[PDB]
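Residue numbers (PDB author numbering), protein chains in the order written: chain P, 2 to 9; chain H, 218 to 437; chain L, 1 to 217.
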């Protein structure tokens with residue numbers, strides 16, 4: 002599971 | 218090829234709930250995050266929610282947070298959005314779009330859309346009114362007639378003139394909603410040689426309430 | 001939120017023209033980890049989903065024609081179509097994809113230029129059908145005109161009428177690029193029954209005076 006690149 | 222196919226949109230009364238589905242073919246579903254983007258009646262696009270590829274990070278548009286919930290079932294290649302306490306401002310066409318995990322480039326894969334409508338209105342069947350003139354533009358070359366479909370719910374109606382025969386010089390203006398009811402209007406412009414000799418009929422089927430009405434544009 | 005501003009709202013174009021449309025974002029979209037500005041241009045044609053055109057402010061997706069160019073940095077990003085062709089007419093949206101929430105601009109709509117054309121105004125009494133069922137909608141269609149801008153005024157026995165008016169406008173027709181609109185004024189059998197002379201008055205570019213259309217009863 003990986004975060005969204007837009008989750009800054 | 219990548220495919221995303223939405224299901225679940227329907228007419229919901231405000232406050233209720235609906236649950237949408239999107240079905241992913243032609244990629245390793247499991248490797249990619251997914252989002253639901255909404256297309257409002259006012260034509261605006263709105264991001265609604267994102268879920269990461271494993272399911273343990275879920276991002277929500279602040280107006281949706283609390284009420285909607287995005288799930289996915291990596292086993293059945295399906296993404297979901299359970300939606301509760303639907304405000305009228307939630308109606309729209311909902312698109313699942315793939316999230317570009319490796320390319321970080323935006324929404325390159327979109328689905329087709331499922332339409333969510335939210336209103337407490339009741340299914341009302343239209344009144345089709347024939348709109349015939351007083352005189353053509355000086356009894357001249359053409360005569361423009363119209364048909365008025367007042368007060369129906371829900372959308373749509375299909376209006377044709379003379380069963381489908383007459384398709385040139387028609388204008389069907391979009392429907393406008395006014396206190397739970399719609400109104401639509403269509404014009405047809407035919408040469409004065411045609412009407413009244415030829416009967417021009419306006420036919421309106423409102424599938425949603427089992428209404429098929431046919432109106433002859435009668436002068437007298 | 002990053003607020004994305006797309007000016008203008010509409011662009012009138014003819015094919016082979018160079019067009020340019022703006023997108024401003026309230027915060028820079030520069031993602032320091034990829035060194036890219038995270039802005040994506042999309043366009044959408046009626047019925048269809050958006051289609052991704054340029055991402056990272058200037059990189060062109062594959063399959064997107066050579067004519068789309070994107071550029072800018074920080075807060076001002078712009079899209080250019082150097083030889084707009086007729087199949088480019090759609091609404092163009094820019095999107096922040098740098099940080100959550102993802103925000104889309106309002107859209108810039110492309111429309112085609114053609115010659116001015118003034119409206120064929122036509123007015124209609126209530127139908128008996130209607131007039132029996134308690135109400136009266138006097139309809140007035142104003143068809144096939146260009147530009148988009150038309151203004152329509154109702155007047156019952158010489159005075160202007162505000163309320164009771166529902167208007168609806170077509171989008172630019174594909175055959176001839178001309179708009180149309182209906183204005184319908186609803187009143188009661190009774191309210192209509194105590195007045196004569198109904199007028200529908202259009203005011204359009206192509207004229208200094210109103211196109212006035214009336215009926216008496």
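Cβ coordinates follow ideal geometry from the N, Cα and C atoms, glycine included.
Closer than 8 Å, Cβ to any Cβ of chain P: which residues of the stretch 99-116 of chain L, in chain order? Of all residues in the stretch 99-116 of chain L, 99, 100 and 102 have a Cβ within less than 8 Å of some Cβ in chain P.
Nearest chain L C-beta to residue 327 of chain H closer than 9 Å, yes or no? Closer than 9 Å: yes.
Less than 9 Å between CB atoms is the rule here; does residue 180 of chain L satisfy it with respect to chain H? For residue 180 of chain L, the closest Cβ of chain H is nearer than 9 Å.
Return the residue from the list H:307, H:429 and H:257 that minimises the CA-CA distance to residue 335 of chain H. When each option's Cα is compared against that of residue 335 of chain H, the closest is H:307.
Can you tell me whether DSSP reads residue 192 of chain L as helix, strand or coil? Three-state DSSP puts residue 192 of chain L in a helix.
In this structure, does DSSP put residue 424 of chain H in helix, strand or coil? Residue 424 of chain H: helix per DSSP, three-state reduction.
For residue 388 of chain H, which residues of its own chain have a beta-carbon under 6 Å away from its beta-carbon, when the five flanking residues on both sides are left out? Within the same chain, residue 388 of chain H has close Cβ partners 404.
Would you mind stating whether residue 418 of chain H and residue 433 of chain H have Cβ atoms separated by less than 9 Å? Yes, they are a contact pair.
Can you list, in chain order, the residues of its chain whose CB lies under 6 Å from that of residue 129 of chain L, leaving out five sequence neighbours each side? Answer for residue 129 of chain L: no residue qualifies.
Within-9 Å CB hit, residue 97 of chain L to chain P: By this cut-off, residue 97 of chain L is an interface position.
For residue 164 of chain L, which of helix, strand or coil comes out of DSSP? The answer is coil: DSSP assigns residue 164 of chain L none of H, G, I, E or B.
Excluding the five sequence neighbours on either side, which residues of its own chain have a C-beta within less than 6 Å of the C-beta of residue 82 of chain L, listed in chain order? Residues 18 and 67 of the same chain have their beta carbon placed closer than 6 Å to that of residue 82 of chain L, with the five preceding and five following residues left out of the count.
What does a CB cutoff of less than 6 Å around residue 12 of chain L pick up in its chain, not counting 5 residues either side in sequence? Its chain contains 111 and 113 as the residues whose beta carbon lies nearer than 6 Å to that of residue 12 of chain L, once the 5 sequence neighbours on both sides are disregarded; these appear in chain order.
Any C-beta of chain L sitting closer than 9 Å to the C-beta of residue 410 of chain H? For residue 410 of chain H, the nearest beta carbon of chain L is not closer than 9 Å to its own beta carbon.
Closer than 9 Å to chain P by CB, residue 255 of chain H: False, the Cβ-Cβ gap to chain P never drops below 9 Å.
Where residue 87 of chain L falls, given that 16 or more other Cβ within 10 Å makes a residue buried: By the 10 Å Cβ count, residue 87 of chain L comes out exposed.
Work out the CA separation of residue 261 of chain H and residue 64 of chain L for me, nearest whole Å. Cα to Cα, residue 64 of chain L sits roughly 23 Å from residue 261 of chain H.
Could you check where the alpha helix (DSSP H) with residue 128 of chain L kicks off and where it finishes? Annotation: the continuous alpha helix (DSSP H) that includes residue 128 of chain L extends over 128-132.
Express the C-alpha separation of residue 338 of chain H and residue 264 of chain H in angstroms, rounding to a whole number. Cα-Cα distance, rounded: 27 Å.
Terminal residues of the beta strand (DSSP E) in which residue 76 of chain L lies: 76-81 is the extent of the beta strand (DSSP E) around residue 76 of chain L.
What is the DSSP secondary structure of residue 370 of chain H, reduced to helix, strand or coil? In the structure shown, residue 370 of chain H sits in coil (DSSP, three-state: anything other than H, G, I, E or B).
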